Amino acid sequence: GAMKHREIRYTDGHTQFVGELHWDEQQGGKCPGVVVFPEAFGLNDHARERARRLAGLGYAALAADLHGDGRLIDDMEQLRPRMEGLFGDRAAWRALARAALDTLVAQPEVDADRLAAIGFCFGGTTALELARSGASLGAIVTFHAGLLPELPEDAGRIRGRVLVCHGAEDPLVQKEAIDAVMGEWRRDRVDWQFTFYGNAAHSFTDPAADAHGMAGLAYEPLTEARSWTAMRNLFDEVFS
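Method of structure determination, per the deposited record: X-ray crystallography was used for this entry, reaching 1.53 Å resolution.

See below:
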């Protein structure tokens, strides 16, 4: 195709964010938009590449900034404090996620009636927070994402179809948290799907995972391909 990208600067009113929009310049009219939330490191090459791949499918994809000013956490001691600060300030967490969605919708390439969010690890958790906020999203797909309970007011506010792609060997996802979210989605009759991929642990979509913290984080190319296909099948159902 004619894949392009451009820097997008946006804000939640507190923080200045720097994302990246990927799109196919050959596409005719408005196309589905996908927000891409990265791992908790922040907007990195892994997330940019997934936005690029989405543009190759005919979407307009915004790789989102989790931290502000495009900042990329490389000191692993800083990861947990940032994530826990967002766990304890769900309003601020949802505001930065909603700012990314609003910025995506503001782009001339994007069909506001055909929107999705995906996320990797903490980015997937972020995508589910965006769905729980009641944002207008047709589909949400998570990849090796941590899960946590809803807020009470979130009941019935998920409006899209939900697909969780989970590594069955992932030590970082709490089994009680899986039970919790399944229970929320059963109660509210969400159109939800949850796939256990037996081969896979945490970070199974990242070829660069095999560096990090060894056992528990590992690239799994078969699960990467299968889960990407499952995402594409869901998007085709919702968007075609």
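Here the narrative resumes, following the displayed structure.
**Some words on the packing of helix α1 (residues 45-56) against helix α6 (residues 221-239)**
Closest axis-to-axis distance for the α1/α6 pair is 13 Å, and the angle between their directions is 45°. It follows that α1 is oblique to α6 by the angle criterion. When you trace α1 past α6, the crossing you get is right-handed. Contacts between α1 and α6 involve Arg 50, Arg 53 and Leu 54 from the first element and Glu 224, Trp 228, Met 231 and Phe 235 from the second. When grouped by side-chain class, the residues that make up the contact of α1 with α6 number four nonpolar, no polar and three charged.

**Quick notes on the sheet that holds strand β7 (residues 161-167)**
The eight strands are arranged β1-β2-β4-β3-β5-β6-β7-β8 in an open sheet whose pairing can be described as mixed. Among the strands making up the open sheet, the edge pair consists of β1 (3-11) and β8 (192-197). Pairs of neighbouring strands in the sheet enclose a mean axial angle of 20°, with direction left out of account. Bridging between β1 and strand β2 (residues 16-24) involves nine bridges; their strand directions are antiparallel. Residue pairing for β2: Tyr 10 is matched across the bridge by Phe 17.

**Topic: unusual backbone geometry**
The phi dihedral of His 144 falls on the positive side, at around 40°, and the residue is not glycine. Along the chain, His 144 falls in the loop between β6 (139-143) and β7. One non-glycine residue, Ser 203, adopts positive backbone phi at about 60°. Structurally, the position occupied by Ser 203 is in the loop between β8 and α6. Relative accessible area serves as the criterion here: at 1%, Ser 203 is assigned to the buried category.

Reading the values: rules and limits
- Residues numbered from 1 in each chain as written, not as in the entry; some residues may be left out.
- Heavy atoms only, no water.
- Axes fitted to C-alpha atoms, helices over the stretch in contact; angles between N-to-C directions.
- Helix = DSSP H or I, 4+ residues; strand = E, 2+ residues; numbered from the N terminus.
- Parallel < 35°, antiparallel > 145°, perpendicular 65-115°, else oblique.
- Left-handed = near helix turned anticlockwise from the far one by under 90°.
- Contact = heavy atoms within 4.5 Å.
- Nonpolar A, V, L, I, M, F, W, Y, C, P; charged D, E, K, R; others polar.
- Pairing = 2+ DSSP bridges.
- Buried < 20%, exposed > 50% of the residue type's maximum accessible area, 1.4 Å probe, protein only.

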